[PDB]
Amino acid sequence: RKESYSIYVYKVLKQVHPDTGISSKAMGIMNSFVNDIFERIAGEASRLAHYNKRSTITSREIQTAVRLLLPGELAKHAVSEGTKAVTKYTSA
Amino acid sequence: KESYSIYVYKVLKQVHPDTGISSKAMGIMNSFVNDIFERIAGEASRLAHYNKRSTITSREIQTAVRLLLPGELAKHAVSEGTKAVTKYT
Amino acid sequence: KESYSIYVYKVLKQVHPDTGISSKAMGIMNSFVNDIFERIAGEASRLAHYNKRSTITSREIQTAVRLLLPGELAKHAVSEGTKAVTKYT
Amino acid sequence: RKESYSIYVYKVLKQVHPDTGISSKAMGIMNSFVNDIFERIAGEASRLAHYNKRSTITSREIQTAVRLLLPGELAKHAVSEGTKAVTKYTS
Amino acid sequence: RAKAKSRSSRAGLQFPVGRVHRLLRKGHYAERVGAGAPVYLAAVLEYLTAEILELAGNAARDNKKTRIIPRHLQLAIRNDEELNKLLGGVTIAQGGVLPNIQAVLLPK
Amino acid sequence: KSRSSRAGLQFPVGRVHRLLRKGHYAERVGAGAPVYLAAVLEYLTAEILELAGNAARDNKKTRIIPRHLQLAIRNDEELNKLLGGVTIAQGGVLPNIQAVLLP
Amino acid sequence: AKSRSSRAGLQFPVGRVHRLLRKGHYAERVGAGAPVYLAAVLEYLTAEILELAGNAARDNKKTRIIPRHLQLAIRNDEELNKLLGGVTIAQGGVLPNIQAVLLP
Amino acid sequence: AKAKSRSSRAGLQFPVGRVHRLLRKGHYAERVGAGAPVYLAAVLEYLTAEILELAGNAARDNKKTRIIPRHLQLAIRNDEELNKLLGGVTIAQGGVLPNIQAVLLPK
Amino acid sequence: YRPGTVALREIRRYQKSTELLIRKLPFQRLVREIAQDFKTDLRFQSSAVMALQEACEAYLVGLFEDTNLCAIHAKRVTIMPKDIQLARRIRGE
Amino acid sequence: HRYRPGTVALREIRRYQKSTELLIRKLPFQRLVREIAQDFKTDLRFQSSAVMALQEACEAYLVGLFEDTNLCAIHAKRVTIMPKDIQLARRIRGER
Amino acid sequence: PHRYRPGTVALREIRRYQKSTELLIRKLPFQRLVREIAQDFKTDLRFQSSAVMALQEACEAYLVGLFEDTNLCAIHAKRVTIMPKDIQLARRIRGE
Amino acid sequence: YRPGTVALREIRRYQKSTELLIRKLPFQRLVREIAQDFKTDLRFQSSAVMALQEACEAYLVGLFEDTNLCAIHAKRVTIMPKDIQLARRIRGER
Amino acid sequence: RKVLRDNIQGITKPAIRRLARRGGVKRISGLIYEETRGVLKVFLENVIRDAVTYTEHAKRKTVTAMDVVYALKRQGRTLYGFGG
Amino acid sequence: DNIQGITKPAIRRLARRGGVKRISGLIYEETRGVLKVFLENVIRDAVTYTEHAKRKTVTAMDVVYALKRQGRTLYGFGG
Amino acid sequence: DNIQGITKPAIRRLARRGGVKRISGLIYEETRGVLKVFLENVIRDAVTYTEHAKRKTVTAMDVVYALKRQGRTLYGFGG
Amino acid sequence: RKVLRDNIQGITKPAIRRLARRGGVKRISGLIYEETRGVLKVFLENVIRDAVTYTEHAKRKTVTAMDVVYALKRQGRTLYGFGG
DNA sequence: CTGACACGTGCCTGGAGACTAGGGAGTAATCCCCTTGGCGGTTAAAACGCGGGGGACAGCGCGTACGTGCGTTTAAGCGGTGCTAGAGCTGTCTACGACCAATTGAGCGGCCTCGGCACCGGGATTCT
DNA sequence: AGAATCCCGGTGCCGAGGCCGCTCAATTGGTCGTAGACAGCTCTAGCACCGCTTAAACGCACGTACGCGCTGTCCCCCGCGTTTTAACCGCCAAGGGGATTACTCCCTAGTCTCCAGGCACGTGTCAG
DNA sequence: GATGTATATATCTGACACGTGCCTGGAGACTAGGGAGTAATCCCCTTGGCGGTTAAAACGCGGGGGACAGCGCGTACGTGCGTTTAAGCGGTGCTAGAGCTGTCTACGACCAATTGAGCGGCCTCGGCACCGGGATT
DNA sequence: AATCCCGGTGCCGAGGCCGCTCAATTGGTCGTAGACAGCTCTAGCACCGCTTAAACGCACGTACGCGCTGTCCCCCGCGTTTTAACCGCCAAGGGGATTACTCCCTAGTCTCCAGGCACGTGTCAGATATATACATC
């Protein structure tokens with residue numbers, strides 16, 4: 001089975017524009033976009049772990065990779081989202 | 001620190017035994033070797049995963065060598081790669 | 001009268017699919033094979049004799065081929081013989 | 001040790017012209033001339049055996065090679081003294 | 001044994017934390033992976049998805065259509081002055097181009 | 001499993017080894033000689049026939065006849081060197097008129 | 001004990017490349033022939049660079065290779081330059097290359 | 001109880017037994033008949049004598065007494081049978097016959 | 001219409017649209033030709049030729065935009081080959 | 001005595017392509033780097049080599065941009081490079 | 001009446017006979033000449049039917065080769081007609 | 001002296017004389033120059049150079065003979081490069 | 001005996017006029033079309049060579065679209081729309 | 001105001017190495033702006049590496065890595 | 001007399017095959033002479049082979065071997 | 001470090017004139033020298049390649065004049081005097 | 001006048017004297033095919049005549065190409081000191097291919113055929 | 001205008017190609033004599049380099065002999081016609097000698113011997 | 001006419017090139033078990049072959065708006081000098097923090113039993129597209 | 001004349017429900033490496049005097065980019081022809097993709113010993129200095 005992110009993109013779509021559907025061509029574009037940014041971030045997180053002789057990728061590595069890869073305002077809001085997520089998950 | 005600073009010298013003695021090399025240029029050579037190593041190992045790892053394979057064999061190195069190096073280097077490199085492997089085996 | 005005709009015919013059916021060969025042309029080919037066989041075995045014998053060796057080996061046949069054929073034909077003939085002897089080994 | 005014909009050419013020279021010497025270079029030339037004609041005759045003798053599916057070389061193969069290779073005036077005198085030599089040997 | 005409550009539902013996310021953690025471990029990025037990596041990564045991927053779709057729906061609404069198609073995603077990505085930087089080399093099939101005529105070409 | 005099928009050849013390694021031994025070329029013959037020789041003879045056979053069939057196809061005929069072999073050998077700038085002294089019966093000549101002869 | 005590089009007839013260390021592969025996470029397995037092949041490739045490229053650099057040195061009649069000679073090497077072979085286009089070499093400078101329209 | 005050479009049996013100067021040996025070791029055939037080396041020696045001796053006589057006469061024309069390669073060239077290139085037998089050969093030090101084409105010499 | 005009255009209309013028309021513009025069959029036959037050098041007996045999946053066509057058509061549109069900027073810089077309206085050759089050189093092709 | 005325009009500029013071009021020293025001054029660049037960096041974090045500290053690596057990268061980048069600028073300049077059939085040549089080169093390169 | 005110009009048909013003969021592959025000398029007279037020569041070296045000889053064809057193929061190939069060489073010699077001489085001196089030079093340079 | 005009288009003297013001489021006429025040392029370096037393209041650091045017996053020089057002078061003299069015949073057939077006396085080319089072609093090496 | 005022959009005329013001049021019209025090109029010197037085919041040819045050669053290299057490593061005979069997508073990514077001009 | 005330390009002569013000499021025969025008088029301020037942008041885009045990465053390491057001293061490896069991620073790999077100060 | 005059985009038109013046809021457009025009329029007797037010397041050579045060799053075999057018929061192999069010895073090999077008749 | 005530059009002038013024009021003056025030559029076109037040097041180079045290459053082939057088969061590093069003789073003999077131009 | 005040829009010496013390994021084993025060639029007889037022999041007829045080709053203009057080749061003209069002669073200069077040839085890479089020989093032994101045998105299926109000679117070619121003819125186009 | 005090349009179409013045959021029998025030349029398993037792959041020595045002659053020598057390499061002036069060109073002409077070969085003869089096809093004869101066979105032998109390869117021919121090594125004188 | 005870089009002889013001082021100790025990285029060998037090589041299959045989607053009509057492609061016309069070759073011009077920046085300033089050098093001085101050793105415990109690699117979240121499939125019904133006509137630019 | 005806009009037809013794609021199974025969840029141990037504590041010794045920052053190479057401001061001269069002008073020729077807009085693209089129907093079989101058996105290849109482990117990496121050395125390659133030649137404009 002070819003696992004895909006399609007159901008999750010569809011859930012997200014129905015929270016910003018509840019009237020709108022999406023064609024399979026656009027769904028396949030989104031499905032490629034997710035894989036691309038996943039690979040880039042995991043790449044830089046790996047390098048940052050290796051250079052400091054640490055064995056481990058933690059939340060600090062992902063934060064630093066995000067600040068390196070995304071433009072500044074996107075990095076700010078991404079960090080705010082990840083911080084809120086990890087804080088509320090820790091509070092659980 | 002590990003470095004390649006013996007083996008470059010050996011090769012130089014084979015190529016030009018009268019000639020010396022500055023430590024700066026030895027550092028350059030060390031980084032050149034590390035760079036091409038990382039390129040080849042990267043593309044070998046890619047070519048494994050596209051085929052859902054688990055190992056790196058000589059074939060993945062050979063295919064990376066043909067993909068990255070221009071055409072005249074690629075023939076001679078693959079020739080002496082297979083010559084080396086036949087001697088080893 | 002043993003002849004090479006069946007082997008020429010097999011070879012023909014690997015390069016051109018629907019084409020047959022007249023007996024006049026078959027006899028020409030049958031003479032061509034005998035001619036080049038005799039020439040190569042000739043020079044291989046001389047090369048063995050001059051070096052006081054008793055034996056014709058693959059080296060003698062390679063050297064004769066480099067002497068008798070034009071250069072590009074010699075290259076591909078050597079590549080064929082090398083591949084054959086390697087895979088046979 | 002090297003074999004050579006360097007006695008026998010001198011003997012023949014003494015029979016033909018007992019006053020005359022020969023340089024070592026020309027003796028070397030003679031040695032190569034002898035080796036060359038030897039190889040030609042032995043070659044064609046071997047060919048003439050295999051065409052007839054024979055196994056040996058006889059006097060006939062030498063005689064036929066001699067008639068094939070040498071021009072016509074040499075061939076008669078050569079074959080004459082070849083058969084003269086053989087009759088003396090066998091007698 | 002407690003009734004399961006998927007880690008996405010502890011994080012407050014729709015993206016699959018389980019799958020992204022699996023892919024982090026299996027992807028040979030590093031020999032150990034901490035629990036704070038996948039929640040953060042899935043959160044950022046959700047953020048970027050919703051970011052793109054919010055502009056694409058606006059383009060779709062201006063087309064007076066109920067459906068998003070690649071033309072509209074091209075409009076979204078190329079109109080945002082920062083998404084154009086992240087995806088500057090990417091080309092989208094069937095996307096076409098933004099209307100673009102240099103002023104010198106038009107008549108007086 | 002015939003030695004031709006170990007070498008991956010159609011030519012008869014057995015026959016060519018027999019003929020090497022029986023032909024009085026040398027008093028000993030090694031196992032690497034016949035495989036190499038048979039491979040090279042196969043190569044040159046296929047080489048000639050590949051050109052010959054092209055001429056045959058241009059003739060729009062299903063059959064190779066000596067005229068096509070002569071066109072093959074005389075057109076290739078290197079086979080003409082190997083077979084430069086050889087003449088082929090019924091072969092004819094390549095079309096050849098010196099430019100000074102034409103109007 | 002006899003070294004694997006001397007088995008292969010190579011100067012570069014086979015065992016060091018084999019180790020560096022296994023610790024680089026590039027794959028969960030490494031096949032036995034890979035580090036020999038990779039060492040041969042790296043040695044070939046090193047030799048190719050150094051030969052040109054040496055001939056550049058003797059053009060100067062210098063006998064010590066310095067980075068200017070390596071820049072003169074890389075920027076004068078059309079295959080090396082294509083392999084090494086995205087790279088800056090310290091102390092390397094540039095090739096003397098005035099555009100034809102500028103000369104009188 | 002006594003030994004007498006086969007060449008002295010044949011009345012030849014050249015060695016019969018050496019030619020017989022050289023044949024058997026030359027692989028030219030798997031058998032050699034007893035009369036062949038006598039015949040071949042006689043032929044070679046004849047051709048040697050024919051060359052040397054002409055070379056001697058060329059030497060006498062120079063009033064030299066030592067034969068040198070020039071005289072062998074002068075022999076070979078002046079007998080229409082020898083030249084036809086020995087056309088494909090270069091003789092060291094031999095040079096050429098003085099042989100200006102008639103059109104070149106002045107009127 | 002005056003010269004270029006319709007050229008603008010064509011620009012406006014085709015930049016609005018999203019169809020492929022090369023004829024499929026000749027593009028396919030050219031792909032099947034070029035492939036013949038690196039091997040014989042190659043076949044192409046139906047989607048592969050479309051992928052190639054999309055790639056090449058977008059490549060060329062990008063080159064032509066760059067060319068147009070070069071031409072305007074040259075104080076010209078017509079694009080000429082020198083504009084391609086400079087475009088490619090500054091790109092480092 | 002006076003040389004005409006460009007002949008000494010020609011001597012300068014041939015020299016500076018022959019010479020291989022760094023052409024930006026160390027101390028002013030060292031302060032400029034400190035001034036820029038402190039806006040990201042105060043009380044930073046620098047290895048003496050990191051400044052030299054920065055200066056090497058900056059010199060190489062500017063030299064390459066000026067090469068492309070000079071090609072853009074000859075295309076317009078000028079010989080003077082113009083600010084618009086820099087802007088065009090930067091746009092085609094895809095950084096603007 | 002119709003009449004082609006001199007040589008208009010000669011070219012057509014060349015084009016016609018270079019295209020074909022038949023033998024051109026009369027078989028019976030050639031066989032009689034062969035039997036007339038062979039009578040010198042022996043008497044009451046006989047010839048197999050293929051032997052005379054082999055001789056005819058050899059002789060026709062030999063003469064075609066000599067004629068191509070003769071034509072090159074004639075063109076060298078700045079002429080179109082071949083004359084006996086061109087044969088005698090061709091044979092001299094060939095070593096016959 | 002008028003043209004050809006001394007050339008006649010030279011031809012009579014050098015058909016009489018029998019020394020080798022190329023200089024040893026240049027021919028030696030030209031061997032050392034060409035062979036290396038097949039294998040660098042080749043070594044030569046001193047006789048082998050002489051055997052080469054003998055062969056090359058005999059070959060070139062024979063070519064010049066044939067050339068001169070070709071030259072007289074054109075009813076020239078000057079040998080021309082085209083004479084060489086034709087001679088080589090009829091010989092069958094071109 | 002079936003063998004191909006040059007189809008380089010196949011990319012019609014109108015097709016290139018339509019492409020360049022998507023680039024907003026207004027006016028075009030006629031010499032452009034043969035240069036443009038030449039450039040296109042060098043591009044296609046590159047991409048196909050890479051594609052074939054991938055096909056061979058897998059020991060396939062059909063070229064798959066993933067071969068094309070990976071080759072394009074390696075060249076650095078990523079294509080979205082065809083999976084991957 | 002340390003950017004004035006990139007003097008006009010230091011610019012001219014770099015333009016000379018790039019081959020520029022004639023230099024317009026407005027080029028310098030644009031060149032300074034371009035350099036300031038490049039420096040900021042390198043230093044921000046360098047300082048991000050410094051912070052993740054918790055170091056207070058910047059190391060030349062950080063500058064090499066800032067260039068390498070940005071594509072402009074540098075040979076000589078490390079490997 | 002049988003030398004005149006090789007007719008003039010046969011010589012014309014052969015000269016035509018070899019690309020000869022115009023022929024002087026003296027060529028014919030010279031051509032018959034050259035052909036005669038060739039035939040004499042080949043037949044002398046053929047008979048010599050026939051005699052060593054103690055045959056009375058000339059065979060095609062005798063001609064093939066004679067032509068090989070003269071150095072102008074014929075393909076087509078076995079051997 | 002030594003690598004030979006051409007000695008193409010080393011076979012002096014006097015030397016070629018002296019050779020030609022053996023072969024009957026009254027007169028020589030001035031364009032003969034270039035064609036002669038070309039022909040001579042071709043011949044030398046065609047002999048040395050064989051010689052070196054024999055050298056290599058024997059594994060010798062020193063070329064022996066018997067190699068040259070055999071190179072000539074296989075090529076048909078047999079040489080008497082340096083061997084037999 | 002000086003050293004290459006022409007002679008003299010030791011000695012060892014190549015040849016000759018004799019007996020042996022067994023198989024390549026000489027022999028007598030046969031078969032039969034393919035070679036030599038004769039004959040008819042028609043009709044392709046060769047032979048003999050005509051017409052004539054395009055070729056071979058004999059002549060005058062001409063301007064330049066290179067043969068002959070000199071002063072400059074350079075490096076090919078000579079005698080020599082020096083070394084050591086590798087050519088050439090002795091010793092060890094073991095990797096391998098010559099030659100046997102029992103076995104059997106790959107390639108040759110034969111019959112059959114059926115359809116690709118060749119032989120046949122008619123109408124359209126090229127080209128002189 | 002109209003002659004020859006081209007091209008399109010139909011008839012029917014004898015050659016290539018498939019199947020078949022079958023037998024002899026290729027295969028596998030095997031021993032063992034050896035010569036050639038490797039180790040070591042050692043002493044030739046090849047390459048590097050020094051100074052001296054002057055023969056030959058080199059550039060130049062210059063003079064007229066030679067190759068290339070235009071022109072003519074006449075005679076002989078090419079293109080065409082009518083006659084006629086022996087080539088070519090095909091049928092019927094028949095027998096010489098190529099090609100095969102079974103018996104036989106006398107010729108040559110193999111072996112041990114021992115002794116002297118001629119091949120290194122030392123010499124000096126008379127041809128150059 | 002006269003200023004630029006090239007080349008030759010000499011000093012001298014430290015970067016290269018060598019030699020030493022030694023330790024931790026590699027090699028020799030045996031082990032366990034699973035990633036890849038293999039033989040056989042299915043079937044789909046690729047390449048084969050055909051008709052027809054009609055969009056697209058091709059060939060010609062007309063011609064005036066573009067590319068670009070020319071003369072003019074005034075100012076913008078290369079060249080050259082005297083003034084002045086601060087970058088580079090050698091040095092004294094310190095101590096923030098970079099780098100290493102030691103302790104131990106917070107945590108995440110890997111197992112297992114469990115089960116419901118996401119994929120492949122059928123169905124459909126209505127949003128889109130295909131179609132056409134009349135108004136406006 | 002072309003773009004726009006308003007209206008009707010009907011189909012094949014998105015979207016719902018459905019089965020279901022395999023990849024996520026929870027409870028758990030335990031080897032460790034990395035968080036913290038302490039040390040200590042490098043090299044970075046701070047400050048001093050000396051040096052003179054470089055930077056700066058200015059004069060000035062003419063070479064260059066920008067402007068107006070012309071012209072001719074070549075594509076852009078339009079027409080008629082014609083051809084092979086495009087659609088769609090019918091064939092069929094090669095090779096992508098899946099599977100069950102098997103093995104021989106690589107990771108894991110202990111060893112011990114020597115390769116090469118710190119630490120000590122010194123000399124000859126180079127920079128520097130001085131001298132001066134001839135190429136260039």
# chains A, B, ... in the order shown; residues from 1 in each chain; ligands from 1
>>> interface_residues(of="chain J", to="chain I", cutoff="8 Å", atoms="only C-alpha atoms", output="mmCIF file with N, CA, C and O atoms, in the first residue's frame")
data_model
loop_
_atom_site.group_PDB
_atom_site.id
_atom_site.type_symbol
_atom_site.label_atom_id
_atom_site.label_comp_id
_atom_site.auth_asym_id
_atom_site.auth_seq_id
_atom_site.Cartn_x
_atom_site.Cartn_y
_atom_site.Cartn_z
ATOM 1 N N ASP J 68 30.468 38.765 -14.196
ATOM 2 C CA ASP J 68 29.176 38.752 -14.873
ATOM 3 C C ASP J 68 28.734 40.165 -15.245
ATOM 4 O O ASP J 68 28.163 40.385 -16.325
ATOM 5 N N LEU J 71 30.331 41.189 -18.474
ATOM 6 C CA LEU J 71 29.681 40.629 -19.660
ATOM 7 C C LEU J 71 28.390 41.372 -19.988
ATOM 8 O O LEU J 71 28.145 41.741 -21.149
ATOM 9 N N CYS J 72 27.559 41.627 -18.973
ATOM 10 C CA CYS J 72 26.377 42.455 -19.196
ATOM 11 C C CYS J 72 26.736 43.812 -19.773
ATOM 12 O O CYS J 72 25.966 44.379 -20.557
ATOM 13 N N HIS J 75 27.570 43.455 -23.569
ATOM 14 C CA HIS J 75 26.355 43.234 -24.359
ATOM 15 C C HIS J 75 25.654 44.532 -24.736
ATOM 16 O O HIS J 75 25.243 44.711 -25.888
ATOM 17 N N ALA J 76 25.532 45.452 -23.814
ATOM 18 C CA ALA J 76 25.016 46.757 -24.219
ATOM 19 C C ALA J 76 25.975 47.562 -25.064
ATOM 20 O O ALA J 76 25.665 48.729 -25.341
ATOM 21 N N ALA J 89 22.457 41.332 -13.851
ATOM 22 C CA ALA J 89 23.196 40.114 -13.547
ATOM 23 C C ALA J 89 22.622 39.418 -12.320
ATOM 24 O O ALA J 89 22.422 38.199 -12.316
ATOM 25 N N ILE J 92 19.202 37.745 -13.319
ATOM 26 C CA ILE J 92 19.338 36.541 -14.134
ATOM 27 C C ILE J 92 19.957 35.413 -13.324
ATOM 28 O O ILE J 92 19.552 34.252 -13.438
ATOM 29 N N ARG J 93 20.957 35.731 -12.504
ATOM 30 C CA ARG J 93 21.499 34.751 -11.573
ATOM 31 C C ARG J 93 20.438 34.231 -10.615
ATOM 32 O O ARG J 93 20.577 33.119 -10.094
#
>>> closest_atom_pairs(of="chain R", to="chain F", cutoff="12 Å", atoms="only C-alpha atoms (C1' of nucleotides)", output="CSV")
residue,atom,partner,partner_atom,distance
R:16,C1',F:63,CA,10.2
R:25,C1',F:15,CA,8.6
R:26,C1',F:14,CA,6.2
R:27,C1',F:2,CA,7.8
R:28,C1',F:1,CA,10.6
R:35,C1',F:28,CA,11.7
>>> write_last_selection(atoms="C-alpha atoms (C1' of nucleotides)", output="PDB file, in the first residue's frame")
ATOM      1  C1'  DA R  16      16.963 -23.042 -50.050  1.00  0.00           C
ATOM      2  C1'  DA R  25      34.768 -36.696 -33.264  1.00  0.00           C
ATOM      3  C1'  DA R  26      34.033 -34.079 -28.804  1.00  0.00           C
ATOM      4  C1'  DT R  27      33.652 -34.822 -23.716  1.00  0.00           C
ATOM      5  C1'  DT R  28      35.068 -36.230 -18.886  1.00  0.00           C
ATOM      6  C1'  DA R  35      59.821 -26.884 -18.361  1.00  0.00           C
TER       7       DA R  35
END
>>> residues_around(residues="residue 66 in chain M", least_positions_apart="6", cutoff="8 Å", atoms="only C-alpha atoms (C1' of nucleotides)", output="JSON, numbers by chain")
{"M": [82, 83, 84]}
>>> write_last_selection(atoms="C-alpha atoms", output="mmCIF file, in the first residue's frame")
data_model
loop_
_atom_site.group_PDB
_atom_site.id
_atom_site.type_symbol
_atom_site.label_atom_id
_atom_site.label_comp_id
_atom_site.auth_asym_id
_atom_site.auth_seq_id
_atom_site.Cartn_x
_atom_site.Cartn_y
_atom_site.Cartn_z
ATOM 1 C CA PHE M 82 3.957 12.888 -11.154
ATOM 2 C CA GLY M 83 4.373 11.265 -7.752
ATOM 3 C CA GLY M 84 7.579 10.852 -5.811
#
>>> interface_residues(of="chain I", to="chain S", cutoff="12 Å", atoms="only C-alpha atoms (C1' of nucleotides)", output="list in words")
residues 2, 3, 4, 23, 43, 44, 45, 46, 47, 71, 74, 75, 76, 77, 78, 79 and 80 of chain I
>>> write_last_selection(atoms="C-alpha atoms", output="PDB file, in the first residue's frame")
ATOM      1  CA  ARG I   2      -1.823  46.868 -37.070  1.00  0.00           C
ATOM      2  CA  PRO I   3       1.382  44.826 -36.594  1.00  0.00           C
ATOM      3  CA  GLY I   4       1.554  43.600 -33.001  1.00  0.00           C
ATOM      4  CA  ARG I  23       2.592  18.498 -30.819  1.00  0.00           C
ATOM      5  CA  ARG I  43      10.392   1.744 -24.575  1.00  0.00           C
ATOM      6  CA  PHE I  44       8.714   4.713 -22.843  1.00  0.00           C
ATOM      7  CA  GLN I  45       5.730   4.647 -20.500  1.00  0.00           C
ATOM      8  CA  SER I  46       2.933   6.976 -21.588  1.00  0.00           C
ATOM      9  CA  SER I  47       3.452   9.327 -18.622  1.00  0.00           C
ATOM     10  CA  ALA I  71      16.770  42.110 -25.202  1.00  0.00           C
ATOM     11  CA  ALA I  74      19.898  45.791 -25.136  1.00  0.00           C
ATOM     12  CA  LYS I  75      17.347  48.562 -25.938  1.00  0.00           C
ATOM     13  CA  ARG I  76      15.552  46.313 -28.425  1.00  0.00           C
ATOM     14  CA  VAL I  77      12.149  44.671 -28.730  1.00  0.00           C
ATOM     15  CA  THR I  78      13.188  41.717 -30.902  1.00  0.00           C
ATOM     16  CA  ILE I  79      14.978  38.816 -29.215  1.00  0.00           C
ATOM     17  CA  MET I  80      18.066  37.660 -31.113  1.00  0.00           C
TER      18      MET I  80
END
>>> interface_residues(of="chain C", to="chain R", cutoff="10 Å", atoms="only C-alpha atoms (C1' of nucleotides)", output="list in words")
residues 20, 21, 22, 23, 53 and 54 of chain C
>>> atom_distance(atom1="CA of residue 84 in chain A", atom2="CA of residue 41 in chain A")
19.4 Å
>>> closest_residue(among="H:36, H:43, H:3, H:19", to="residue 82 in chain D", atoms="only C-alpha atoms")
H:43
>>> atom_distance(atom1="CA of residue 65 in chain B", atom2="CA of residue 79 in chain B")
11.3 Å
>>> residues_around(residues="residue 88 in chain E", least_positions_apart="5", cutoff="10 Å", atoms="only C-alpha atoms (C1' of nucleotides)", output="MDAnalysis selection string")
(chainID E and resid 77:78 82:83) or (chainID J and resid 94) or (chainID M and resid 77)
